[PDB]
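When a residue number appears, it is its place in the shown sequence, counting from 1. The analysis underlying the following values was restricted to heavy atoms, covering all of them including side chains, and did not include hydrogens, waters or symmetry mates.
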Amino acid sequence: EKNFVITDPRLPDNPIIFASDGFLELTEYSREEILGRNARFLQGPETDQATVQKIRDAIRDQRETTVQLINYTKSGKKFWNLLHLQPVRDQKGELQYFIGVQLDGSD
Ligand SMILES: Cc1cc2nc3c(=O)[nH]c(=O)nc-3n(C[C@H](O)[C@H](O)[C@H](O)COP(=O)(O)O)c2cc1C
């Protein structure tokens with residue numbers, strides 16, 4: 001899809017190591033602003049904490065998940081993020097990355 005990030009869970013706090021141009025357009029950030037940061041900076045006042053906890057659980061267990069949650073652009077504008085997370089493993093079965101795809105959400 002057009003909007004995604006790749007994170008490296010083998011580095012402290014699972015930082016974004018790549019952000020697609022679509023993601024940067026969606027969120028209003030630049031590469032320099034967000035590479036090396038955990039994606040949680042997108043959350044804000046109206047983000048449902050139970051949903052965030054369930055994302056944490058999915059990441060802990062390194063499984064695919066799809067959730068919808070409120071995120072914020074750099075200028076503070078809310079959007080509904082239909083987030084799909086996909087673990088990426090090497091040939092030996094070891095986790096290498098997560099891919100997170102931001103789709104158009106609702107509600
Ligand atoms: C590849 C990937 C992409 C993510 N994308 C988003 C995102 O777009 N929006 C968001 O609110 N959280 C996103 N997250 C989730 C946060 O990085 C974090 O896992 C979540 O806030 C739960 O962890 P925490 O309780 O430490 O914050 C993403 C996580 C991964 C691994």
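In plain terms, the two heavy atoms of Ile59 and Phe98 that are nearest each other are O-CZ, 3.7 Å. Closest approach of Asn14 and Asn38 over heavy atoms only: O-ND2, 3.8 Å. Scanning all heavy atoms of the two residues, the minimum distance from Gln96 to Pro9 falls at O-CD, 3.5 Å. Residues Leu95 and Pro87 approach most closely at CD1-CB, 3.8 Å, considering heavy atoms. Closest of all the heavy-atom pairs between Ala19 and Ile34 is CB-CD1, 3.6 Å. Across every non-hydrogen atom of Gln86 and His84, the tightest pair is OE1-NE2, 3.0 Å.
Salt-bridge annotation for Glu46 and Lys78: present, with a side-chain N of the basic residue lying under 4.0 Å from a carboxylate O of the acidic one. Electrostatic pairing of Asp57 and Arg60 counts as a salt bridge here, judged by a charged N lying under 4.0 Å from a carboxylate O. Salt-bridge annotation for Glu25 and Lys2: absent, with no side-chain N of the basic residue lying under 4.0 Å from a carboxylate O of the acidic one. Using a cut-off of 4.0 Å between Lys/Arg side-chain N and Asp/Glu carboxylate O, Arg40 and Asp13 are scored as salt-bridged.
When hydrophobic clusters are built by joining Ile, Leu, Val, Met, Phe, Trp and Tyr residues whose side-chain heavy atoms come closer than 4.5 Å, directly or via intermediates, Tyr72 is grouped together with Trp80.
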Evaluation steps, ring-ring contact (aromatic ring centres under 6.0 Å, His included), between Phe41 and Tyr29: CA-CA 11 Å; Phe41 63 82; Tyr29 292 100; 5.2 Å; yes

Kindly indicate, with the supporting measurements, whether the criterion side chain to side chain contact (heavy atoms under 4.5 Å, CB included) is fulfilled by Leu103 and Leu83. CA-CA 6 Å; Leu103 306 163; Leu83 177 66; over 6 Å; no

Output, in order, the C-alpha distance, side-chain angles, deciding distance and verdict of ring-ring contact (aromatic ring centres under 6.0 Å, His included) for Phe18 and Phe4. CA-CA 8 Å; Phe18 180 87; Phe4 74 94; 5.7 Å; yes

Check the pair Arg31, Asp21 against salt bridge (charged side-chain N to carboxylate O under 4.0 Å, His left out), reporting the backbone distance first and the verdict last. CA-CA 9 Å; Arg31 291 182 195 153; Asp21 276 358; 3.5 Å; yes

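The CG atom of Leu69 lies 9.5 Å from the CD atom of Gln49; values are rounded to the nearest 0.5 Å. Rounding to the nearest 0.5 Å places CG of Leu42 at 7.0 Å from CD of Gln102.
Using a 4.5 Å cut-off on side-chain heavy atoms (C-beta onward), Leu82 and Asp104 make no contact. With contacts defined as side-chain heavy-atom distances shorter than 4.5 Å, the pair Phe79/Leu26 qualifies. Within the 4.5 Å cutoff, no side-chain heavy atoms of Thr7 are placed close to those of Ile17. Side-chain atoms of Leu85 and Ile55, non-hydrogen and from C-beta on, do get closer than 4.5 Å to each other.
A donor-acceptor pair under 3.5 Å is formed between the side chain of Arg37 and the backbone N or O of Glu33. Checking side-chain atoms of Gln68 against main-chain N and O of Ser106 turns up a donor-acceptor pair under 3.5 Å. In this structure, the side chain of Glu28 engages the main chain of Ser75 through a donor-acceptor pair within 3.5 Å. The backbone N or O of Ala58 lies less than 3.5 Å from no partner atom in the side chain of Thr65, so there is not a single donor-acceptor pair.
Counting heavy atoms of neighbouring residues, nucleotides and ligands inside a 6.0 Å radius, atom OH of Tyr97 does not exceed 12 of them.
For the side-chain contact (heavy atoms from CB on, under 4.5 Å) criterion with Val5, the lone passing option out of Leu24, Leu35, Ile16 is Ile16.
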